[PDB]
Amino acid sequence: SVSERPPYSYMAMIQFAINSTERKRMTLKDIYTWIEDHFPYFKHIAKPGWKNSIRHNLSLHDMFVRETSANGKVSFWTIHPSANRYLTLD
Amino acid sequence: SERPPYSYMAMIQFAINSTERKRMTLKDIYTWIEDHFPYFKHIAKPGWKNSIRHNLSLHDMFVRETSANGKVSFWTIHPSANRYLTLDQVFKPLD
DNA sequence: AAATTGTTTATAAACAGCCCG
DNA sequence: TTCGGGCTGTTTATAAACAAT
Ligand SMILES: [Mg+2]
Ligand SMILES: [Mg+2]
């Protein structure tokens, strides 16, 4: 059943999302979108606060490092270079 | 006796730093907090103790350590982040 | 065995600062 | 251009499920 809650922690799903990109970085919006796209539970069932929980995990875990672009500013979430196992959803 | 305006992380540091050796068992941390902030002795719901344990495990600044003799488990504070918080630092002189 | 201690994840909220229409 | 509200980031608290001692 494609829309039941996945057996992955927010921390796992955030990694899957970031590791799906060639540059191994992703904006917060794109992380919401990636998770919604891949785990429809979050697009159709989860209460609004799941997004609060994503942001909480981003700040909580030192493996998720924020990088602001050379512009001043656009900001991406990355995985610490020494942390990345390159866990992709496949 | 109102709930004091300090975080669990702050109060845990007060407790640990009150000892000679800058180390304290969990049960002594409970007792210390109860004795100095009676909100937790008399009013707080029982889950406050859960929150203490959560804090000790969550924050890397809190480092569990067995005595050299192996028998007691102590909580201590990490050297790369000991700002040395003690209760006495929280007191305003009266104006 | 039973209770205490220790770890991790989830959820909620307060709040600051930034962004943007 | 300012204004105000929504978005993003950080932090603290509470509960729970659970493992380990
Ligand atoms: Mg982080
Ligand atoms: Mg700890």
Side-chain angles (χ1 to χ4, degrees), chain A residues 4-18 25-36 39 41-43 45-80 83 85 87, chain B residues 2-16 23-34 37 39-41 43-67 69-78 81 83 85 90:
Chain A
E4 292 160 350
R5 196 201 179 105
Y8 305 121
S9 63
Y10 288 118
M11 183 197 75
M13 292 182 285
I14 289 159
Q15 296 175 79
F16 291 151
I18 295 166
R25 71 191 181 179
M26 188 172 262
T27 65
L28 180 64
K29 279 181 206 174
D30 285 353
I31 293 169
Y32 294 149
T33 295
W34 188 97
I35 290 160
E36 284 175 343
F39 305 107
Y41 172 89
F42 298 101
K43 169 157 48 177
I45 304 203
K47 289 183 297 191
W50 73 271
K51 287 184 177 181
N52 183 347
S53 293
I54 289 294
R55 296 195 302 284
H56 171 82
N57 276 265
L58 290 172
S59 292
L60 183 53
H61 299 291
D62 287 340
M63 64 163 311
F64 302 129
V65 177
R66 194 171 153 278
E67 281 195 339
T68 49
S69 187
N71 336 318
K73 283 192 169 179
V74 180
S75 101
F76 301 84
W77 285 98
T78 63
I79 296 166
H80 190 303
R85 309 181 51 179
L87 300 185
Chain B
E2 267 185 21
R3 175 168 197 153
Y6 302 104
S7 65
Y8 287 119
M9 183 200 75
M11 295 187 278
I12 288 159
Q13 293 176 77
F14 296 157
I16 295 178
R23 60 179 189 173
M24 194 174 261
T25 63
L26 182 54
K27 187 207 152 205
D28 285 335
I29 292 164
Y30 290 152
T31 298
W32 191 97
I33 294 178
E34 282 172 9
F37 299 109
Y39 172 84
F40 295 99
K41 192 196 257 266
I43 294 164
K45 303 188 305 184
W48 81 270
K49 289 183 176 176
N50 183 343
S51 295
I52 293 293
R53 295 195 302 285
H54 167 86
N55 272 262
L56 291 163
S57 293
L58 188 69
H59 302 300
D60 293 331
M61 72 165 284
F62 299 127
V63 175
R64 194 201 47 68
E65 287 213 312
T66 308
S67 36
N69 197 93
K71 286 190 172 185
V72 187
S73 178
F74 289 95
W75 293 97
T76 61
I77 298 165
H78 199 266
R83 280 136 210 289
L85 291 192
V90 326

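Chain identifiers are assigned alphabetically (A, B, ...) following the order of the sequence lines, protein sequences preceding nucleic acid strands; residue numbering begins at 1 within each chain. Quick note: numbers below take in every heavy atom, side chains included, and nothing from hydrogens, waters or symmetry partners.
Between A/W77 and the phosphate of D/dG9, there is a side-chain N or O to OP1/OP2 separation shorter than 4.0 Å. The shortest distance between the side-chain N/O atoms of B/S51 and the OP1/OP2 oxygens of D/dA15 is not below 4.0 Å. For B/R53, no side-chain nitrogen or oxygen approaches OP1 or OP2 of D/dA19 to under 4.0 Å. At the phosphate of D/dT10, OP1 or OP2 sits under 4.0 Å from a side-chain N or O atom of A/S59. At the phosphate of D/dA15, OP1 or OP2 sits under 4.0 Å from a side-chain N or O atom of B/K45. Here A/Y10 reaches the OP1 or OP2 of C/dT11: one of its side-chain N or O atoms lies under 4.0 Å away.
With rounding to the nearest 0.5 angstrom, the CE atom of B/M11 is 6.0 Å from the CD1 atom of B/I52.
In this structure, the side chains of A/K51 and A/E36 come closer than 4.5 Å at one or more pairs of heavy atoms.
Taking the six-membered ring for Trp and the full ring otherwise, A/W50 and A/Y32 have centroids separated by under 6.0 Å.
No engagement by A/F64 is indicated, since no non-hydrogen atom pair under 4.0 Å with the nucleic acid exists.
The residue among B/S73 and A/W50 whose nearest nucleotide of DNA chain C lies closer to the 5′ end is B/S73. Taking for each of B/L58 and B/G47 the nucleotide of DNA chain D with the nearest heavy atom, the 5'-most of the two is the partner of B/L58.
B/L56 places its CG atom 21 Å from the P atom of D/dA19, with the value rounded to the nearest Å. Note: CG (B/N50) to P (C/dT9) measures 16 Å, nearest angstrom. Between A/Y32 atom OH and D/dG6 atom P there is a gap of 15 Å when expressed in whole angstrom units. Between the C1' atom of D/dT8 and the CD1 atom of A/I54 lies a distance of 13 Å, rounded to the nearest Å. In this structure, A/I14 places its CD1 atom 14 Å from P of D/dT8, rounding to the nearest Å. Note: NZ (B/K71) to P (C/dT5) measures 18 Å, nearest angstrom. When rounded to the nearest whole Å, the span between CG of A/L28 and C1' of D/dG9 equals 9 Å.
Remark: the B/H54 side chain and the C/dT5 base include no donor-acceptor N/O pair separated by less than 3.5 Å. The base of C/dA10 is not paired with the side chain of A/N57 by any donor and acceptor separated by under 3.5 Å.
In this structure a side-chain-to-backbone donor-acceptor pair under 3.5 Å is missing from B/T76 to B/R23.
B/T66 and B/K71 get closest at one heavy-atom pair: CG2-N, 4.1 Å.
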